[PDB]
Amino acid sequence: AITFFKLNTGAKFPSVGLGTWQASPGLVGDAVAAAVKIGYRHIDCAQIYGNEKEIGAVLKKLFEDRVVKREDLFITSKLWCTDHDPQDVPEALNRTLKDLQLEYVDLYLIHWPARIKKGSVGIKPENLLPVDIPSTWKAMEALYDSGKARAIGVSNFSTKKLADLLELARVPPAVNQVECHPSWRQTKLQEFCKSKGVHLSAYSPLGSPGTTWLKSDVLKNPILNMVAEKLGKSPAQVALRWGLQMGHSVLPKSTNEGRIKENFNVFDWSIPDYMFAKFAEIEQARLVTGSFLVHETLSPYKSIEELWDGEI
């Protein structure tokens, strides 16, 4: 069925989470409510998504109304690039906790391996700062030690950056949340993660078709669509079930009730082995390049290639 994965802390991580990037403050509450009512037990959040207060207000209502108990939900949030200095780390989590109306998060992630100055809404390369992941991770470890974050992890870390952190960390990252879908399979990183006991969690598992500045080609892939037609499932369902069968969690985002439901119905069927093999020939390209962190003169990362340590 593949309904959860065990983290290196022992915690059960539900395998399908509701994504909330680009879910507006006006729509995200009803989306979270609908998702939890349908059976989702995992919500992927971030301070930078601009909607944690609205998520918190609905979580409060769901708990009060006895739809779910806090202990049965898995809530992830992420430390934004402005808040990597160790002094700023616990303040950043405390703001997220206040907004989400929680006493702890189940998972707290370093969102990207980069620092940015406070004080611009927009990102400009002038505001990029030198990076110090070991120092930031030590501050994350204190949040884990105190129970404010029951698990800590990273996001957008290449194999090399994750390896470098693992070599020196006291608390190993529980999760590395990265772009992963049939057009960006991440087999190298997944294998490394598995060997080290780190769970890989897939963002943009549908290829983020609603993002205007990305090509919308993942759910249109002919191999994927043939499998969908043969099994009587939607292209999104096939993409999601594929991810589960590859051994990673998936974080599909929707603000539409029907799609939220559709995306969760990925446990009562499977992609048969021979059909599954066909996915291996889908052309590969990374959609989310992290170009906002890349600059020839002003950044620790002079190119996209450097940001991903060649994983492009």
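The numbering used is simple: start at 1 and walk along the sequence shown.
Colleague: Identify the stretch, either 286-294 or 299-307, whose C-alpha atoms have the larger mean B-factor according to the entry.
Modeller: Per the PDB entry, the higher value belongs to 299-307.
Colleague: For the C-alpha atoms alone, is the average B factor greater in 212-220 or in 231-239, going by the entry?
Modeller: Comparing averages over the C-alpha atoms only gives 212-220.
Colleague: Looking at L189, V105, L79, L168, which has the biggest Cα B factor in the entry?
Modeller: Spelled out: the listed residue with the top C-alpha B-factor is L168.
Colleague: By the entry's C-alpha temperature factors, tell me which of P113, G153, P86, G207 sits highest.
Modeller: The record points to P86.
Colleague: How does the C-alpha B factor of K98 compare with the rest of the chain: lowest, middle or highest third?
Modeller: For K98, the deposited C-alpha B-factor lands in the middle third.
Colleague: Splitting the chain's C-alpha B-factors into thirds, which one does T136 fall into?
Modeller: Answer is middle: the recorded C-alpha B-factor places it there.
Colleague: Based on the deposited C-alpha B factors for this chain, I'd like to know if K148 is in the lowest, middle or highest third.
Modeller: Middle third - that is where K148 ends up once the chain's C-alpha B-factors are sorted.
Colleague: Against its chain's modelled residues, does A202's Cα B factor rank lowest, middle or highest third?
Modeller: Lowest third, going by the recorded CA B-factors of the chain.
Colleague: Compare the C-alpha B factor of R66 with those of the other modelled residues in its chain, then answer lowest, middle or highest third.
Modeller: CA B-factor rank for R66: middle third.
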